[PDB]
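Protein chains in written order, with the entry's author numbering: chain A, 24 to 472; chain B, 24 to 472; chain C, 24 to 472; chain D, 24 to 472. Every residue gets a Cβ at the ideal spot worked out from N, C-alpha and C, and that includes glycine. Input: a single structure, listed below in structure tokens.
There are 4 protein chains.
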Amino acid sequence: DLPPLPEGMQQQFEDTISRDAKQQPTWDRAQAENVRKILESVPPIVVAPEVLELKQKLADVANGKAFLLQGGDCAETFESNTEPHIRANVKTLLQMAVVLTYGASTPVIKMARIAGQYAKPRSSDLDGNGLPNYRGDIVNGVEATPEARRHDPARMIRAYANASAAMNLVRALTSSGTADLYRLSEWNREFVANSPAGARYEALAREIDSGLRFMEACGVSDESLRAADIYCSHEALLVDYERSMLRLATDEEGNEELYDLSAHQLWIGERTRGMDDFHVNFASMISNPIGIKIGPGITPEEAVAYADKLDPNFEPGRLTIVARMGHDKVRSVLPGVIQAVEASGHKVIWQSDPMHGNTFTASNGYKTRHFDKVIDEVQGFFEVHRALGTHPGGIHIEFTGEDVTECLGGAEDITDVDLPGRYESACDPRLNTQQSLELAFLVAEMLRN
Amino acid sequence: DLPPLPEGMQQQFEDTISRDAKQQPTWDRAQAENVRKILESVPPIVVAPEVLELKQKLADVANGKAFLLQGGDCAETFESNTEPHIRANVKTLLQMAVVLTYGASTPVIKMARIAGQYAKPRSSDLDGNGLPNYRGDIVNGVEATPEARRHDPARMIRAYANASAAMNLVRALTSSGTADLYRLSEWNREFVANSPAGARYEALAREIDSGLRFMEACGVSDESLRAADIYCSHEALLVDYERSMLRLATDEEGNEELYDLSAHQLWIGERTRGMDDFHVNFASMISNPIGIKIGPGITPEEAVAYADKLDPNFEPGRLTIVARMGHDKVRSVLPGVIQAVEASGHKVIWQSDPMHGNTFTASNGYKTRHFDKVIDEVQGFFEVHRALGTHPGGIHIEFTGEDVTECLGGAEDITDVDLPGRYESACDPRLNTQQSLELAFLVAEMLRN
Amino acid sequence: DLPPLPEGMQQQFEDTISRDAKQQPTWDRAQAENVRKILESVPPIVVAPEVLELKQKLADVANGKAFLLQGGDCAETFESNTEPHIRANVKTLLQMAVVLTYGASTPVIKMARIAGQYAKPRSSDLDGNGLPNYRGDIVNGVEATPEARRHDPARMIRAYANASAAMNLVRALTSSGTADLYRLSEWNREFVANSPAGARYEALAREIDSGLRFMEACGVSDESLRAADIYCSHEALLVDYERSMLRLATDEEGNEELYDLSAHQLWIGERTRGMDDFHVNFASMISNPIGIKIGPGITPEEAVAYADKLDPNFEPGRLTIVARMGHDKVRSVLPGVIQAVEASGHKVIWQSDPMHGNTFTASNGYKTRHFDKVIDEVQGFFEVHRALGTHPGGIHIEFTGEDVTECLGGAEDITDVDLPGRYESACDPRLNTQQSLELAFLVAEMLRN
Amino acid sequence: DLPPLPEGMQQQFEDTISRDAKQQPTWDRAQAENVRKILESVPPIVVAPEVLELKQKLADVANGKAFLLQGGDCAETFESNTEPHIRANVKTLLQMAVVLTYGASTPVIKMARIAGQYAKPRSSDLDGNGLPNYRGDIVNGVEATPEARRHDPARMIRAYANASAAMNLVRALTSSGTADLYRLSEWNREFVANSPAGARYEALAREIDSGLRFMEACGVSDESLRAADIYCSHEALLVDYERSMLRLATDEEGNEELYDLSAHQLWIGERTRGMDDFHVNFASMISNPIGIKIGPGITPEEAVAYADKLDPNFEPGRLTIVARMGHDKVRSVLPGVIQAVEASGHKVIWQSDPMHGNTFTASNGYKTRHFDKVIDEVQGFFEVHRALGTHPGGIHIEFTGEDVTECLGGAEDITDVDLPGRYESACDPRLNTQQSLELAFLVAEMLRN
Ligand SMILES: N[C@@H](Cc1c[nH]c2ccccc12)C(=O)O
Ligand SMILES: N[C@@H](Cc1c[nH]c2ccccc12)C(=O)O
Ligand SMILES: N[C@@H](Cc1c[nH]c2ccccc12)C(=O)O
Ligand SMILES: N[C@@H](Cc1c[nH]c2ccccc12)C(=O)O
Ligand SMILES: [Mn+2]
Ligand SMILES: [Mn+2]
Ligand SMILES: [Mn+2]
Ligand SMILES: [Mn+2]
């Protein structure tokens with residue numbers, strides 16, 4: 024310690040630190056404090072002007088002018104944080120985004136689960152055998168031994184390193200022309216040709232191909248077409264890591280603000296959601312755009328209570344409310360939440376997370392999600408919006424560009440016996456690359472009708 | 024007289040003047056010579072750099088990279104050469120061009136029957152009552168009296184005036200934003216909504232609407248989208264008018280060339296087509312891009328003979344061969360012509376004129392064309408190209424943006440009793456504005472499959 | 024007659040026609056009425072959207088964001104209305120405009136004395152020998168005989184024809200790439216190299232050359248650089264010609280307006296300036312942007328009276344006040360006019376006409392202007408603005424791209440004995456092409472300091 | 024170990040490893056091998072398409088169409104690798120680049136000493152007291168103790184982390200609009216206003232300000248103006264670190280190549296320059312663009328021998344030869360080197376390093392460089408090129424955006440007693456931020472004449 028914040032925020036800051044943080048690591052305090060003091064001076068993962076630029080883009084999503092595509096790994100691992108893997112995830116993210124853009128007929132803003140998504144809350148404190156379980160590479164190792172599972176503050180520094188590496192690469196990839204949409208559509212036509220249900224989406228695939236041909240015929244210069252913007256996001260979970268990445272930034276107008284520059288967009292989880300707990304108060308204090316995970320037990324009245332705390336100046340696009348209710352309960356629970364939140368005067372982004380609501384333990388033993396149920400939660404998410412006359416702001420999916428077999432269903436007909444063929448996820452099951460693109464086509468079809 | 028041309032061309036020029044010109048006016052020579060000497064010094068209707076730019080664009084059409092949309096009034100009249108009329112024709116030309124662009128998936132180059140299309144050859148020398156018939160406003164008046172029907176050299180000057188007025192307006196209209204394609208599509212959706220066979224083209228209309236939305240979502244600046252290029256063309260027919268508009272122009276590289284700057288593109292007619300007559304030799308000598316009307320009696324061997332004379336340096340896009348064979352004879356006659364011309368080493372533009380081949384005298388008395396037969400000649404024109412593996416370069420139609428009833432058929436079901444309701448053409452019957460747009464949709468559908 | 028205007032304007036229209044028009048032709052009424060009825064239906068020289076676009080650009084000039092370059096022939100002639108002559112005038116206009124743009128560091132909006140500047144008021148009713156003098160090619164011929172000098176209504180139609188020809192060409196020239204500023208600067212460096220006072224402007228010429236190199240080095244696409252906008256203007260003088268070119272136009276918002284579409288910008292002359300005469304009331308009624316010539320006898324109070332009549336809604340850039348006071352009287356008279364007009368709440372364009380104030384009969388007999396005096400009126404025009412803290416809006420000069428010798432002075436040292444070497448003007452003496460470019464450099468230097 | 028390279032390169036690779044590397048660290052082999060195996064799988068600092076794009080840009084520099092601005096810290100430190108410091112260096116790099124662009128009248132390609140410049144060769148093996156000296160943060164610590172000075176393989180991983188952090192930030196900064204040249208010029212005018220020799224460069228500063236105003240007046244869209252490309256470079260020195268960052272990359276055409284993706288451009292030093300030593304053979308094998316430091320003892324014949332080895336296919340821009348000869352010896356030695364290298368058929372980039380040739384120990388005790396001598400080596404570098412008629416390709420300077428006092432001279436008159444006021448460099452003395460910008464202005468002035 025040494026630098027104090029300005030007098031408006033310092034009282035609110037100490038008030039925030041004092042709250043109970045759930046899902047935190049048990050480790051040495053003096054050591055973890057040193058790691059935080061080190062990370063207080065490093066280069067941030069993002070810069071304030073990019074966060075301001077995102078808030079303007081997310082305002083367009085809230086007001087109905089754009090769509091939000093968020094997704095990536097469930098949990099990144101240091102082992103998996105490689106050039107081929109990041110390339111593959113960036114590819115599918117963009118490949119989906121172009122199809123989503125055609126269907127929605129609006130800008131698709133691309134957020135990624137990347138450059139920080141290491142912390143993993145989904146766990147019971149202690150595992151079988153009386154051995155503490157894996158809480159993400161920022162806390163401990165995947166190795167099932169008391170040596171590796173020991174909580175290690177140094178992993179915060181390892182995580183920051185891997186985050187800055189990852190974000191460096193996505194910036195590089197996007198500028199160097201792997202986000203050129205003529206090439207992306209060429210890959211999308213290779214998916215449609217080689218998919219078992221290929222002719223079932225070939226109507227829309229040829230139709231996108233016509234619009235891209237049409238663009239070139241009208242004589243447009245690939246000016247904004249040659250490179251795109253992939254923003255980055257993770258669940259703000261570790262008190263130490265997120266408080267270490269706090270930075271001040273003087274706005275170009277004149278006034279200064281406080282950002283958590285660990286990512287562009289941070290989000291609060293289902294388990295860490297308490298109104299008087301740390302994470303909500305941390306969120307309310309930082310000027311980053313913010314998400315909040317919302318499950319079946321949400322009442323309309325406390326969804327408004329969140330919006331009042333997290334969006335205290337009614338800035339459109341600031342708060343994003345993320346429905347993760349399961350395919351059954353989304354039609355039932357959501358309409359009351361939208362009606363009440365809309366009535367209170369908050370233009371939030373209504374985002375669908377059809378992943379963390381539909382997770383079940385299969386007959387095989389492996390944890391899985393069935394594709395058809397994932398799609399159905401989004402199907403019902405749109406139905407709620409169409410019927411209420413509000414704007415479906417975005418999706419939030421967990422995927423990988425690798426040819427893995429973690430979710431059931433899809434075009435390739437992934438059964439229970441296919442699951443141990445290739446399974447690489449650090450926690451939740453993710454959409455196979457085919458299933459990622461297939462989802463995009465169906466969500467595009469939902470955006471049309 | 025006073026200026027002689029350079030020694031290469033002067034021998035070829037005098038050789039050209041010496042040939043027989045068919046379809047010429049009977050009038051005073053000394054007087055018509057004065058009119059020509061006056062028009063030798065006026066501003067031209069176009070400038071050489073625009074003609075060079077067209078030859079590059081027409082080369083793309085010949086090599087398969089673009090499409091050619093040519094059309095307008097059959098014969099312009101001084102009475103009809105007005106702001107609302109020219110606007111309407113420019114509108115439909117552009118409205119068609121955008122649909123044709125989507126279907127073809129290539130640039131549609133827009134040529135118009137405008138700014139010079141006054142001469143009209145379709146006539147028997149003398150009419151009933153022993154009274155000379157209307158040969159176009161550049162020769163005599165529409166008024167059915169020996170006073171007005173007298174051949175008047177001064178009408179060449181009147182024609183040049185009206186031409187320069189018309190081309191001034193189309194330039195103005197195109198630059199001032201009546202060629203903004205977002206507005207054009209908004210008019211195309213008003214056509215599809217209000218047409219009796221509206222839902223029969225609404226598949227493609229919504230699909231074009233999606234591509235335009237998609238363009239805006241991808242974040243393209245309306246840079247080349249806000250204004251387009253409409254070129255101008257007429258049938259080079261009057262020796263005096265066309266020889267008066269001859270101009271030299273030093274190319275930016277260094278060498279000089281000889282253009283007939285009465286229009287961008289000139290074309291030779293069916294009646295004026297003799298290999299040793301004036302018009303073909305005039306054409307061969309001028310550096311303008313050139314068309315040539317081709318009917319059923321064409322043999323493959325003399326189509327090659329034309330191409331050798333008119334395109335002596337195998338410049339792709341220079342000659343355009345225009346099939347006007349009738350809906351029956353186009354499948355039969357055309358394949359032999361394409362095979363032979365392609366074999367000889369000439370990349371010409373294969374253009375379809377489904378108008379001047381399908382003209383019949385109706386039971387009413389009025390001269391008409393049936394829509395279905397016009398479409399069918401184009402249908403068969405593409406079939407010949409699809410089967411032979413050559414590129415269908417363009418269409419050549421006669422239309423008007425006015426709500427007139429001159430052709431039978433179409434969506435609105437124009438019968439013989441509808442014909443005297445509104446009939447405004449100086450010679451041939453033209454496509455109703457609905458029929459013009461309807462044709463575009465069907466020719467677009469032919470360009471896809 | 025047949026069409027009546029809407030009830031707001033019709034009372035004001037008949038009120039306007041009823042006023043005395045000065046400087047009008049003596050000719051047959053029934054005949055001149057026929058000519059007007061003919062011209063009521065022709066294509067206009069410009070279209071309303073271009074006039075609206077100009078009013079927006081002229082608003083930027085009034086508010087200090089841009090400069091106005093107006094100029095061309097003093098009087099166009101049908102004999103002089105040719106491709107080489109129009110090209111030369113368009114060239115110098117643009118060549119000046121690029122230098123003026125660098126000096127002013129703002130957009131130079133290009134207006135031209137073209138496509139209508141045929142009427143010429145500067146004359147005594149009857150000439151020597153009791154023979155009526157030349158009042159411009161729209162009224163009578165230059166030929167010094169009672170045959171040609173007879174006033175001929177038909178010349179209005181001849182004038183419209185020549186106007187539409189001229190404007191067609193300038194549109195063509197500007198779009199076809201003779202307004203590409205890399206080529207224009209290459210011509211400007213040929214002027215500076217070959218001028219006798221070449222090294223006296225070579226500081227600024229190299230400095231403009233550096234900025235153009237710099238533009239290309241920064242990697243700018245010649246998008247708005249390849250083609251420019253030359254607008255057209257003349258003195259609204261003939262009642263018949265100007266009232267015949269009146270057109271209505273529905274604004275894109277909804278409301279309709281009344282334009283004189285003979286040109287983009289019309290202007291009122293010194294002789295035709297009466298507050299209750301025709302021309303001021305005609306001007307006030309038409310939605311075109313308007314100029315008004317102002318000489319030494321102007322009092323500040325009646326300059327405000329004009330502004331209230333001509334700019335009744337305080338639309339910036341609508342009225343342009345044109346100082347033509349002579350090199351001596353401009354410092355004296357102008358400051359009071361600016362102070363009063365600015366105080367009244369009118370953002371007009373303060374334009375300098377250093378031509379029609381400094382015209383004297385030389386010792387040779389020929390009417391001439393001395394270059395140094397022309398420059399000095401502009402020098403003093405800026406001094407008045409610099410001292411008062413107002414914006415010098417533009418210049419208004421009479422020039423020709425031909426190598427003529429009409430004004431004295433300049434770099435080439437044009438004496439009285441040089442004047443009969445080559446003299447081609449229909450009325451006032453014009454700046455030699457060197458003198459035009461030289462003026463631009465000096466006015467640029469005045470715009471800097 | 025596990026992956027072998029393709030059979031063309033593997034023989035050349037093992038041949039390269041076998042050579043003597045000078046200036047290497049003494050540390051544990053098995054441990055340093057582990058660090059290398061770890062870094063073999065991480066994300067690279069750059070991607071092959073950016074390196075290809077640089078080689079195209081560096082080809083333009085070699086052929087005379089562009090200039091190369093290389094520079095930054097002499098040695099980066101982990102302590103100094105912060106957001107404010109990197110921002111400051113990026114700022115001055117860009118601020119110089121815009122002035123250099125105006126003077127050169129060509130694209131300035133921006134390379135930086137960043138994201139890897141940690142190794143430092145300038146040292147005697149052992150220091151005073153029998154204690155090993157600082158060889159850069161990638162090898163050991165600055166702390167003057169045997170604990171910190173111990174050679175630590177782990178610092179390679181620390182270095183990679185800090186490199187990926189730095190490059191992430193420069194990418195972020197450049198895209199987020201701190202490379203908008205209107206803002207950069209506003210900072211350049213604040214330098215010129217506040218510099219003691221302010222009016223001595225105010226001629227050029229106003230002249231650049233005029234060109235930027237002119238750009239905006241001509242109506243250019245800030246498309247390529249809003250963001251720029253800063254590439255990254257360091258001295259390829261540590262065998263382990265550089266061999267660990269080797270990656271293969273399939274070219275978009277088809278063929279594959281081998282890059283050291285630790286940076287975009289790598290360069291060989293004066294001490295590590297042996298023709299049969301590791302670094303030259305490593306360089307020759309990698310497809311990165313390559314530099315080579317050249318001092319007074321260079322003979323023309325061995326400069327050709329380098330060029331034949333490093334540029335074996337005469338690819339223009341591939342090799343960059345960097346003259347670091349001192350202000351006296353550059354005029355003498357360089358001309359023979361250029362003549363011979365040019366004669367052999369190699370279009371290399373002739374770059375000037377006026378820093379590492381002019382380093383002397385001052386009377387104070389501190390190591391310094393005098394500004395005037397630095398400038399003079401560049402002055403003579405251009406003189407050699409002007410006289411020989413070859414292209415001066417670029418500069419290579421050591422600077423910092425911090426207000427430090429390390430070099431003598433400049434506008435602020437830095438004497439020996441000023442040196443201990445603020446001195447922050449890990450090795451060589453760097454240009455003060457004023458001295459950096461001042462140098463740019465003078466090198467710009469040299470590029471003009
Ligand atoms: N840069 C634009 C267009 C674009 C480029 N690549 C894309 C991929 C997907 C969607 C859009 C794009 C955007 O981000 O919207
Ligand atoms: N200027 C482009 C695009 C365009 C604008 N308006 C159009 C109307 C129809 C077809 C294309 C266009 C072109 O001529 O191709
Ligand atoms: N089109 C821009 C730039 C331009 C092109 N040519 C010019 C000639 C002179 C001045 C400006 C220009 C303009 O009118 O301002
Ligand atoms: N992007 C262009 C122009 C540019 C933007 N910022 C700059 C700063 C310096 C020099 C040039 C630029 C370039 O790199 O050349
Ligand atoms: Mn998950
Ligand atoms: Mn016809
Ligand atoms: Mn005059
Ligand atoms: Mn150094």
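Using beta carbons (cut-off 8 angstroms, strictly below), is residue i in contact with chain D?
i: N104(A); result: yes
i: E99(A); result: no
Report the option in the options whose CA atom is closest to the CA atom of residue i.
i: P130(A); options: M469(B), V364(B), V243(B); result: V243(B)
i: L284(B); options: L25(B), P72(B), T322(B), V371(B); result: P72(B)
i: residue 540(B); options: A228(B), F305(B), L261(B); result: As shown, chain B starts at 24 and ends at 472. That puts residue 540(B) outside it, with no answer to give.
i: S208(A); options: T382(A), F305(A), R229(A); result: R229(A)
i: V215(C); options: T413(C), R471(C), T456(C); result: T456(C)
i: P219(A); options: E225(A), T423(A), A434(A); result: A434(A)
Say whether chain A places a C-beta atom closer than 8 angstroms to the C-beta of residue i.
i: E73(D); result: yes
i: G234(B); result: yes
Is the Cβ of residue i closer than 8 angstroms to any Cβ of chain C?
i: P66(B); result: yes
i: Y183(D); result: no
i: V121(B); result: no
How big is the Cα-Cα spacing for residue i and residue j?
i: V356(D); j: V407(D); result: 10 angstroms
i: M134(A); j: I253(A); result: 6 angstroms
i: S459(D); j: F422(D); result: 6 angstroms
i: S41(D); j: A184(D); result: 28 angstroms
i: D376(A); j: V427(A); result: 21 angstroms
Do residue i and ligand 1 come close, with the Cβ less than 7 angstroms from some heavy atom?
i: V131(A); result: yes
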